[PDB]
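Beneath this line is the structure, given in structure tokens, with notes to follow.
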Amino acid sequence: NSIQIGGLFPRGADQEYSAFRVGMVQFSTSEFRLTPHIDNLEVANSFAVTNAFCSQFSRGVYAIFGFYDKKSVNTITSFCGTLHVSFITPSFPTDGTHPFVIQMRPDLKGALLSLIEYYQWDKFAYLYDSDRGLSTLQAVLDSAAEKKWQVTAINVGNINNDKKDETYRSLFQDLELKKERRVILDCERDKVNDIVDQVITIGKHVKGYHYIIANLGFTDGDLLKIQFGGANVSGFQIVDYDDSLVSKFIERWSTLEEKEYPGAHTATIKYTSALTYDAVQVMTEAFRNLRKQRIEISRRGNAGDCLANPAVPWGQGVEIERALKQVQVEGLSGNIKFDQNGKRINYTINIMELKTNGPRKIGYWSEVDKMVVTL
Amino acid sequence: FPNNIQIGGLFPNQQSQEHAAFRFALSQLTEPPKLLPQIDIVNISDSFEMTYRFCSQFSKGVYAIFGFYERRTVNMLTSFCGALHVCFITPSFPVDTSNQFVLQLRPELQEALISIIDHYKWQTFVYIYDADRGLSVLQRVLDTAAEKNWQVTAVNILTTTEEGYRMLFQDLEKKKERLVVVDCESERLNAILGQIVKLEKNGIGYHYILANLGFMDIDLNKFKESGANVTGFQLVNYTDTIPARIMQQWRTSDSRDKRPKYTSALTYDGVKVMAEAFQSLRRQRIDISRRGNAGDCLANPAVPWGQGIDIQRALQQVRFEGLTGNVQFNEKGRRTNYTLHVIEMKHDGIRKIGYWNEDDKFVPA
Ligand SMILES: *[C@@H]1O[C@H](CO)[C@@H](O[C@@H]2O[C@H](CO)[C@@H](O[C@@H]3O[C@H](CO)[C@@H](O)[C@H](O)[C@@H]3O)[C@H](O)[C@H]2NC(C)=O)[C@H](O)[C@H]1NC(C)=O
Ligand SMILES: *[C@@H]1O[C@H](CO)[C@@H](O[C@@H]2O[C@H](CO)[C@@H](O)[C@H](O)[C@H]2NC(C)=O)[C@H](O)[C@H]1NC(C)=O
Ligand SMILES: *[C@@H]1O[C@H](CO)[C@@H](O[C@@H]2O[C@H](CO)[C@@H](O)[C@H](O)[C@H]2NC(C)=O)[C@H](O)[C@H]1NC(C)=O
Ligand SMILES: *[C@@H]1O[C@H](CO)[C@@H](O)[C@H](O)[C@H]1NC(C)=O
Ligand SMILES: *[C@@H]1O[C@H](CO)[C@@H](O)[C@H](O)[C@H]1NC(C)=O
Ligand SMILES: *[C@@H]1O[C@H](CO)[C@@H](O)[C@H](O)[C@H]1NC(C)=O
């Protein structure tokens with residue numbers, strides 16, 4: 001039983017679509033499947049997002065997988081709320097309780113603020129990118145007010161690539177006057193690399209310094225540069241490579257034709273792709289649960305247009321949203337459970353350090369228990 | 001050019017000072033062109049409702065748009081304005097990243113606030129910021145805090161409760177000197193003032209700053225007795241000749257049918273901006289014509305309107321001494337070369353300490 005599906009993918013994201021296709025083949029079955037209609041665009045152009053979302057809505061899509069950026073959150077969430085159309089994302093979780101939006105990415109503030117307390121930090125810088133909102137920045141500042149921390153928050157997201165070299169050096173020159181030996185690099189993979197490649201040049205990767213990479217993908221970057229400098233490097237990873245499902249997936253991943261699955265050959269997998277794969281699993285589980293439960297989901301006719309006065313949402317969307325939120329399965333990221341709001345719960349965020357041998361896990365973190373330490 | 005130059009309008013409330021000022025200012029329009037208000041009442045926060053209204057105005061063929069936007073829907077709107085090459089006038093909060101088709105009739109206070117804080121020997125202080133687009137001004141401060149080495153304890157009002165204020169002020173008064181900045185909206189400032197009047201507003205070394213472009217509108221009567229310092233900014237001078245005449249005529253007409261808020265003043269000025277641009281376009285004899293195609297905003301691909309570019313340039317070129325100040329526009333599409341009035345309110349005193357200018361840096365007077 002084919003169920004129509006929609007897919008949005010940011011321009012220049014090759015690995016994620018490949019993981020989407022791999023998840024399709026893995027979870028596809030004779031009795032059930034998915035028919036995805038794909039669109040590629042610049043997710044930071046709300047106009048393009050609106051056009052794609054409306055086109056897919058006209059194409060009678062029951063749910064829409066996709067990504068979004070800080071300049072397209074509100075458009076997407078409003079459209080989903082008005083049209084009662086679901087949305088499944090591995091992108092940053094909303095700073096709210098927006099409905100009809102399932103979020104596959106776990107929050108990070110809890111683990112970050114626990115880790116900063118497992119190290120007894122009082123005076124640290126906080127380099128942040130102007131993306132995925134400033135929710136974690138605000139959390140850090142608030143906990144500073146409570147705990148009398150000394151935070152130097154600096155933005156690096158408005159730096160021109162052409163003149164990148166001059167600014168970073170002056171930034172660290174400023175930080176040196178305060179003896180800022182501790183830093184939190186709250187940025188995506190690319191800018192973390194572009195910064196680590198300028199800590200090295202100025203020799204600030206040495207015994208004295210400590211870096212915390214506030215990202216759910218720690219290995220994703222290039223850490224072979226700083227393994228040996230002598231400086232600490234801490235971070236978080238949801239994809240545990242010492243697991244069974246993960247190892248089997250890697251067996252299927254490395255043995256992949258990069259001519260067909262770009263990014264697939266490498267042994268590493270980025271958390272966005274992992275969450276995309278788990279998202280395919282989520283959709284299949286929810287839709288198959290609907291089929292078993294006999295819930296009636298079918299578009300008898302045509303959804304005229306996204307823009308229609310008055311807006312007339314089709315009333316089976318609540319069923320789809322409830323099914324998507326009411327699914328409990330294991331996957332690459334770990335255990336996937338949702339709330340009535342869509343945010344994930346009952347998840348474990350493994351913590352990692354950098355050692356000359358390589359990254360090694362030292363503990364984990366769960367919302368219920370605490371920061372937990374094993375090694 | 002045709003006198004049926006239809007203009008749009010996006011407003012949140014049918015009856016308000018801003019809407020009334022926009023309606024009134026059109027009466028003074030004696031130019032050959034006739035601008036239609038074509039108001040649509042739309043909720044600002046909801047991006048979907050707004051996209052519906054904006055595409056409806058596209059269907060009508062509207063040449064230019066005036067209205068408001070909030071944090072949630074700034075990006076959406078901005079994006080449509082840079083794609084269809086359609087201009088959008090606004091008095092709402094200005095933004096750092098924007099197209100050239102969005103004319104923001106609200107000069108940014110971030111630069112002047114830095115200067116005022118610099119002048120006073122401010123070593124450490126508390127910052128209070130509303131999430132309603134205030135974040136752009138936060139970063140600046142946090143960026144200047146590092147360069148110039150003062151401490152800033154930010155607290156958000158949107159996600160702060162009464163207990164939050166209580167704890168913040170209790171921890172604050174443990175310090176000998178108490179300095180506070182309050183960036184807020186027009187209406188949030190009144191509620192926060194009420195919150196501080198209850199307690200912690202005694203005036204014992206308390207120095208508040210109000211990052212609001214209009215400081216006369218706010219009812220600081222409760223602050224004229226407790227003996228507390230407050231500094232603020234003003235953009236509109238009622239005494240000057242042009243403001244005096246405009247206020248006299250407008251208030252006389254309205255009564256024949258109070259002081260406007262800064263938002264209403266900017267709303268009134270925007271009418272003058274649009275009228276000046278269209279008058280200069282008719283004078284310059286520029287070929288403006290609206291095709292009746294009225295293509296759906298969601299047209300793939302959406303061809304830019306050919307004339308819409310020149311309109312922008314015209315709207316950018318205009319310049320005149322309006323009510324608030326001298327109206328001008330930068331290349332990015334933002335107010336340039338303006339003046340602000342620094343104003344301290346003593347127990348019994350409204351003192352114009354000085355004025356801030358783009359070329360100068362808080363030259364006293
Ligand atoms: C303009 O935008 C939207 C829709 O027009 C409005 O935001 C919506 O406001 C309603 C009522 O406050 C919210 O419903 C309530 O939400 C709270 C959570 O905030 C929940 O606890 C309640 O049970 C109830 O569901 C709704 O969630 C909210 N939606 C969004 C997307 O924010 C806004 O108030 C409108 N403004 C005006 C002036 O009409
Ligand atoms: C880099 O990592 C090492 C190992 O974790 C840190 O060294 C420890 O720090 C404690 C903190 O007081 C000191 O007593 C010892 O030097 C080490 N003890 C233990 C149990 O590891 C080092 O401090 C880290 N660098 C920074 C800048 O935090
Ligand atoms: C910046 O604004 C000031 C307004 O105070 C402009 O000064 C006026 O400029 C016009 C145009 O040359 C003159 O006709 C007026 O006599 C000037 N008045 C005053 C009080 O200076 C100034 O020209 C503007 N700067 C630029 C570059 O446009
Ligand atoms: C929820 O978390 C537990 C650990 O707290 C783990 O066994 C698994 O992820 C989930 N188990 C449940 C929900 O029983
Ligand atoms: C408050 O105002 C007084 C003048 O009334 C002046 O000393 C200074 O501006 C402020 N002094 C404080 C807050 O101690
Ligand atoms: C307003 O302008 C008059 C002269 O035009 C001046 O005397 C007065 O100080 C101004 N008011 C403010 C608040 O700048």
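Ligands are numbered from 1 in the order shown, chains are lettered A, B, ... in the order of the structure tokens, and residues start at 1 in each chain.
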List as an MDAnalysis selection string the protein and nucleic acid residues near residue A:50, meaning an atom at most 10 Å away when only C-alpha atoms are counted, but skip any in the same chain fewer than 5 places from it. (chainID A and resid 43 45 55:56 72 75:76 79 306) or (chainID B and resid 48 51 76 80 297:298)
Just write the chosen residues, C-alpha atoms, as a PDB file, in the first residue's frame.
```pdb
ATOM      1  CA  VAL A  43      15.776  26.451   2.668  1.00  0.00           C
ATOM      2  CA  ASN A  45      14.538  31.435   1.066  1.00  0.00           C
ATOM      3  CA  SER A  55       3.164  22.450  -4.707  1.00  0.00           C
ATOM      4  CA  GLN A  56       3.531  19.311  -2.603  1.00  0.00           C
ATOM      5  CA  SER A  72      12.127  29.425   7.385  1.00  0.00           C
ATOM      6  CA  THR A  75       6.697  29.847   7.585  1.00  0.00           C
ATOM      7  CA  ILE A  76       6.795  26.067   7.824  1.00  0.00           C
ATOM      8  CA  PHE A  79       1.673  26.281   7.314  1.00  0.00           C
ATOM      9  CA  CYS A 306      -2.277  26.061   0.271  1.00  0.00           C
TER      10      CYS A 306
ATOM     11  CA  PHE B  48       0.547  31.894   6.784  1.00  0.00           C
ATOM     12  CA  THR B  51       1.484  35.267   3.063  1.00  0.00           C
ATOM     13  CA  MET B  76       9.061  35.474   5.352  1.00  0.00           C
ATOM     14  CA  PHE B  80       8.977  37.756  -0.741  1.00  0.00           C
ATOM     15  CA  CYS B 297       2.732  34.938  -6.015  1.00  0.00           C
ATOM     16  CA  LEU B 298       3.464  31.195  -6.148  1.00  0.00           C
TER      17      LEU B 298
END
```
Could you report the residues within 10 Å of ligand 4, using only C-alpha atoms and all ligand atoms, as a ChimeraX atom specification? /A:328-330,334-337,345-348,365-369
Print the selection's residues with N, CA, C and O atoms to a file, as a JSON list (two decimals), in the first residue's frame.
```
[["chain", "number", "residue", "atom", "x", "y", "z"],
["A", 328, "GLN", "N", 7.59, 3.96, 19.08],
["A", 328, "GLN", "CA", 8.67, 3.70, 20.03],
["A", 328, "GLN", "C", 9.55, 2.65, 19.38],
["A", 328, "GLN", "O", 9.20, 1.46, 19.38],
["A", 329, "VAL", "N", 10.68, 3.05, 18.80],
["A", 329, "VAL", "CA", 11.56, 2.11, 18.12],
["A", 329, "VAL", "C", 13.02, 2.47, 18.35],
["A", 329, "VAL", "O", 13.36, 3.61, 18.68],
["A", 330, "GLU", "N", 13.88, 1.49, 18.15],
["A", 330, "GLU", "CA", 15.31, 1.71, 18.18],
["A", 330, "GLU", "C", 15.84, 1.99, 16.78],
["A", 330, "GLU", "O", 15.29, 1.54, 15.78],
["A", 334, "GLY", "N", 19.44, 5.86, 18.52],
["A", 334, "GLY", "CA", 19.12, 5.26, 19.79],
["A", 334, "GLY", "C", 17.64, 4.99, 19.93],
["A", 334, "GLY", "O", 17.02, 4.49, 19.00],
["A", 335, "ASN", "N", 17.06, 5.33, 21.07],
["A", 335, "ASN", "CA", 15.65, 5.05, 21.31],
["A", 335, "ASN", "C", 14.84, 6.29, 20.94],
["A", 335, "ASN", "O", 15.13, 7.38, 21.42],
["A", 336, "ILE", "N", 13.84, 6.11, 20.09],
["A", 336, "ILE", "CA", 13.09, 7.21, 19.51],
["A", 336, "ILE", "C", 11.70, 7.21, 20.12],
["A", 336, "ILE", "O", 10.88, 6.33, 19.87],
["A", 337, "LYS", "N", 11.44, 8.22, 20.95],
["A", 337, "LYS", "CA", 10.17, 8.45, 21.62],
["A", 337, "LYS", "C", 9.86, 9.93, 21.56],
["A", 337, "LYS", "O", 10.77, 10.76, 21.65],
["A", 345, "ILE", "N", 12.24, 12.41, 23.58],
["A", 345, "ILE", "CA", 12.49, 12.12, 24.99],
["A", 345, "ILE", "C", 13.05, 10.72, 25.11],
["A", 345, "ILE", "O", 13.10, 9.95, 24.15],
["A", 346, "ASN", "N", 13.48, 10.38, 26.33],
["A", 346, "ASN", "CA", 14.03, 9.07, 26.63],
["A", 346, "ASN", "C", 15.15, 8.71, 25.67],
["A", 346, "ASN", "O", 15.16, 7.66, 25.03],
["A", 347, "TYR", "N", 16.12, 9.61, 25.57],
["A", 347, "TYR", "CA", 17.26, 9.45, 24.69],
["A", 347, "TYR", "C", 18.54, 9.57, 25.49],
["A", 347, "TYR", "O", 18.56, 10.16, 26.58],
["A", 348, "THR", "N", 19.61, 9.01, 24.95],
["A", 348, "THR", "CA", 20.92, 9.04, 25.59],
["A", 348, "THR", "C", 21.90, 9.74, 24.67],
["A", 348, "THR", "O", 22.00, 9.40, 23.49],
["A", 365, "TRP", "N", 24.39, 10.91, 29.06],
["A", 365, "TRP", "CA", 23.53, 11.91, 29.66],
["A", 365, "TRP", "C", 22.10, 11.62, 29.24],
["A", 365, "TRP", "O", 21.82, 11.46, 28.05],
["A", 366, "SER", "N", 21.21, 11.55, 30.22],
["A", 366, "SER", "CA", 19.79, 11.36, 29.98],
["A", 366, "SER", "C", 19.03, 12.36, 30.83],
["A", 366, "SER", "O", 19.45, 12.70, 31.93],
["A", 367, "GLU", "N", 17.90, 12.83, 30.30],
["A", 367, "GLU", "CA", 17.14, 13.87, 30.98],
["A", 367, "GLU", "C", 16.67, 13.40, 32.34],
["A", 367, "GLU", "O", 16.70, 14.15, 33.32],
["A", 368, "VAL", "N", 16.22, 12.15, 32.42],
["A", 368, "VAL", "CA", 15.71, 11.63, 33.68],
["A", 368, "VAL", "C", 16.82, 11.53, 34.72],
["A", 368, "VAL", "O", 16.68, 12.01, 35.85],
["A", 369, "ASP", "N", 17.94, 10.90, 34.36],
["A", 369, "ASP", "CA", 18.90, 10.57, 35.39],
["A", 369, "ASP", "C", 19.84, 11.71, 35.74],
["A", 369, "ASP", "O", 19.69, 12.36, 36.77]]
```
Please give me, as a list in words, the residues lying within 6 Å of ligand 6 when counting only C-alpha atoms and all ligand atoms. residues 237, 239, 240, 341 and 352 of chain B
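Around residue A:131, within 12 Å and counting only C-alpha atoms, the residues found are residues 44, 68, 69, 70, 71, 72, 73, 91, 92, 93, 128, 129, 133, 134, 135, 136, 137, 155, 156, 157, 158, 186, 187, 188 and 191 of chain A, once anything fewer than 2 positions away on its own chain is removed.
Excluding stretch 14-28 of chain A itself and same-chain residues fewer than 4 positions from it, the residues having an atom within 7 Å of it are residues 32, 33, 261, 262, 263, 264, 272, 273, 276, 277, 280 and 281 of chain A, counting only C-alpha atoms.
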Expected selection as a ChimeraX atom specification for ligand 3 within 9 Å, only C-alpha atoms and all ligand atoms: /B:319-321,325-328,336-339,358
Output file for the selection above: C-alpha atoms, as a compact mmCIF listing (two decimals), in the first residue's frame:
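Okay, this is what ended up in out.txt:
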```txt
# COMPACT_ATOMS: atom_id res chain seq x y z
CA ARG B 319 14.45 63.28 1.06
CA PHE B 320 12.63 65.89 3.13
CA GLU B 321 12.27 67.33 6.63
CA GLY B 325 13.33 64.27 11.67
CA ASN B 326 15.03 64.53 8.33
CA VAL B 327 14.07 61.49 6.27
CA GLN B 328 16.82 59.78 4.28
CA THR B 336 20.53 57.47 7.65
CA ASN B 337 21.84 60.83 8.82
CA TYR B 338 19.29 61.45 11.57
CA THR B 339 19.27 62.90 15.08
CA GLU B 358 25.48 59.50 12.76
```
Identify all chain B residues at most 9 Å from chain A by counting only C-alpha atoms; ligands do not count. Present them as a PyMOL selection string. chain B and resi 45-49+51-52+55+72-80+83+135+139+142-143+145-147+151+153-156+168+297-300
Which residue out of B:16, B:97, B:324, B:136 has the minimum interatomic distance to residue B:244 when only C-alpha atoms are used?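 Looking at the shortest contact to residue B:244, the residue is B:324.
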